[PDB]
Amino acid sequence: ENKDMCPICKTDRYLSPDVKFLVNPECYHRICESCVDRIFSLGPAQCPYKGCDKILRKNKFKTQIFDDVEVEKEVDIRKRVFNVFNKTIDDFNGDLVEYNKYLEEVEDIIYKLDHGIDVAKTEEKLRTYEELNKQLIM
Amino acid sequence: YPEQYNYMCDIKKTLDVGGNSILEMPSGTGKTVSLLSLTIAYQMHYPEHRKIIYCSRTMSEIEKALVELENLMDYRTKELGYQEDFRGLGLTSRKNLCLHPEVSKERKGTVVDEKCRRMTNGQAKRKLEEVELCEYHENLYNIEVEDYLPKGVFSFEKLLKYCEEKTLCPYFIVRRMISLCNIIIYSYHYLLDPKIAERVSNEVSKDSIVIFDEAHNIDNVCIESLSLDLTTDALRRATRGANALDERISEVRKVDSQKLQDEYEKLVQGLXXXXXXXXXXXXXXXXXXXXXXXXXXXXXXXXXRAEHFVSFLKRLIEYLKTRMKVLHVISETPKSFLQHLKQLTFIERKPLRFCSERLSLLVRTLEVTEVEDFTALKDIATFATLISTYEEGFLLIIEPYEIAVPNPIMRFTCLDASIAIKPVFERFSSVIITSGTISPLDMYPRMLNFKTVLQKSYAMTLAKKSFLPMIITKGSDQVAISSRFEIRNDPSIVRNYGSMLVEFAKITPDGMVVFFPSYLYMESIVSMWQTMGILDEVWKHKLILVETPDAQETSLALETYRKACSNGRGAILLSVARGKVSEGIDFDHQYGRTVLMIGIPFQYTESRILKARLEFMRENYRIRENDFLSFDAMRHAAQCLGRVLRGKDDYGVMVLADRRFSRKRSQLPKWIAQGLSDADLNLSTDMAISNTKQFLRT
Ligand code: SF4
Ligand SMILES: [Zn+2]
Ligand SMILES: [Zn+2]
């Protein structure tokens, strides 16, 4: 929004907004350049975005064209899980039923990750990621 | 008459041999020919083989076809005294063929079909687990209603009054009578409609004769079948629609989630084919013409439910907002746009099958549907169906930024029109194509490729009753050049032209109709004209078609024209050839005996659409920079020429400015080129010769 983009620099529109507003993937919070640079420059600490406590790490930023945090998280987790599952048992022979069922399973896993449930099934999905990675290494 | 009899023989031989014919009929004397030729051609074979599929461009031509068809019924019932199985079904507008919106709604909008779906859903819900039925229902599917038409003609007005008396609804009568294979009189926007052409194509059951009446705007109708402008507000309606979908997800997931799982199982087991095969009398959504699409085995989001469809739909509309917020000038290739979309997020080329199914699922799970949100979802759904399929000739274009506020627009450019018309040449044969405003008739074998025969008009007699002069010298020959620019130049010269219109209107005060290439000249001469004696002496009042036309305003202007000409007053009708209402009702002195044309017609250039279709037709037929400034203008001028011709018993005069008219053809090519001041005295003599030769030639 034009009224919130940094708890210290929330209204920089009349100060020539020439600085970007980075967002950390472990906070989903907007921080302007001159602030975040000092943040990760003085040490990996949390940002004071409305009393935020999640630690902001050095670098590992991203540019955002803004498609809501829900859809951005669903497409980041969607792409990551899509790369973990890769194309195992997909176009191996040409079947349409089992392929769509496996895609339904993957999308249900991404759904359980973007919803979180109760922090119990998602851990089993992480073990599934380690198993799939072990299958891709072999 | 022998002249029309030749066209009767041509229609006969083309109906008995050819599969399609390009017949050029004279304006004003070729409407009643095919109507009887088709019926007699049906009687000579055996009474019920092929049926009349008459297609017009307006509703006035539909009403004229209905009353002339009644003249055929009376004509065949007054000469033999034997009663036969009558035909004639009037398929008109939904708002004009319904009775309930005139009792409680008191509206004539496009949302009457939604209320009709509310009543139909009320009937289905009172026949299943339980608003009222409607006004009268449950008796519209019986044999008596199926026989009220073959025993007696009840079309449109007679059907409206007959339903108001017999307490019936005409919508289900017409819909149930499309399968009866009567003489259907509908417009071109129904034969090629991505929502109506499917059901009509499934009810007529093919095997008939199609009659393209006034088939000169076929390319315009095929163009109007696509091109939807995304003007930043549809993004807000799509956002609120996505929020409404999320609320509905919370509602169906809150308490009642069993029906969504049962219908979901119906999708996993029987897919879209079973979903559309089980539902009866339920509201449908848009589709890119399924007979032309030919895509079966529609999987429901790779076997998924609704939350995934609204998630990928939110990602899709957000990607649309991302593609609509750009610099200014940018053109899209529909394949490159789909590849870029795949680079943003994988969704494959199947969101078409994902829209046609999920929309029906939401409909099957919705009982209180909001109209704006569902409409926006149908728009985004159509955009998805047309970025997933139909790519050859399709060209996505972004409107440039010109202020940059009033700007974020995205329009899709349609494909080759031959593709859209194509199915009628497999469904049918002996499709007669008649038009009185086609000259030359070679741009229809060229553009739109189809094998056919060419028959030109062979009727031309009594040239003294059809005064056809043209004006070249306007006294200074300076307004004919300044009246051809897109933006007018030298306002004083335009004021002089308007003064010439005042002198010409004063010379011939007997009903004047003026056609303009655009409303800019009208709005420039109507602001401050320095003269008004024509309105104060001979015309009493002037008739001006608003640049934003209104139905009631145009109707009051036409009735005002008929009453003004029926009181011995007359009025100038300042209209635009590119505007609404092309007219076509004449055969009387109430219409303009003299018609004035301001130069030649012009199409608005400097547009991305004209450049896209310009290069597309350049690659197709190589008719670059030559046919788009003479063929379209020739049709627009022929729309004004057709109003002057109204039978040999009547006369008229049409003045065409600009010498460039010599570069194009015209109906009845008998034209003399002279000045306007000389044309004043020439018309002054014609207004007496036309009155003297009548009783002499009779
Ligand atoms: S049944 Fe007839 S009158 Fe009633 S809503 Fe439908 S079209 Fe209108
Ligand atoms: Zn700051
Ligand atoms: Zn934070």
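The first residue you see is number 1, and the count goes up from there.
Positions of Cβ are set from backbone N, Cα and C atoms, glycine also.
Among the candidates B:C55, B:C116, the residue that Swiss-Prot annotates alongside B:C98, B:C134, B:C169 as binding [4Fe-4S] cluster is B:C116. Note on Swiss-Prot: of B:213-216, B:229-232, B:437-440, the range annotated with the feature motif 'DEAH box' is B:213-216. Here the Cα atom of B:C134 ([4Fe-4S] cluster binding site) is found 43 Å from that of B:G30 (ATP binding site). Applying an 8 A CB threshold to same-chain residues 6+ apart, the list for B:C98 ([4Fe-4S] cluster binding site) reads B:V112, B:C116, B:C169, B:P170, B:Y171. Proximity to ligand 1 at the level of Cβ atoms, with a cut-off under 6 angstroms, picks out B:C98, B:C116, B:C134 from the binding-site residues B:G28, B:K31, B:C98, B:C116, B:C134. Fewest Cβ neighbours within 10 Å among the binding-site residues B:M25, B:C134: this applies to B:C134. Each of the binding-site residues B:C116, B:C169 was scored by the other Cβ atoms within 10 Å of its Cβ; the lowest score goes to B:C116. The Cβ of B:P26 (ATP binding site) has B:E3, B:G436, B:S457, B:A459, B:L645, B:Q667, B:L668 as same-chain neighbours under 8 Å, each 6 or more residues away in sequence.
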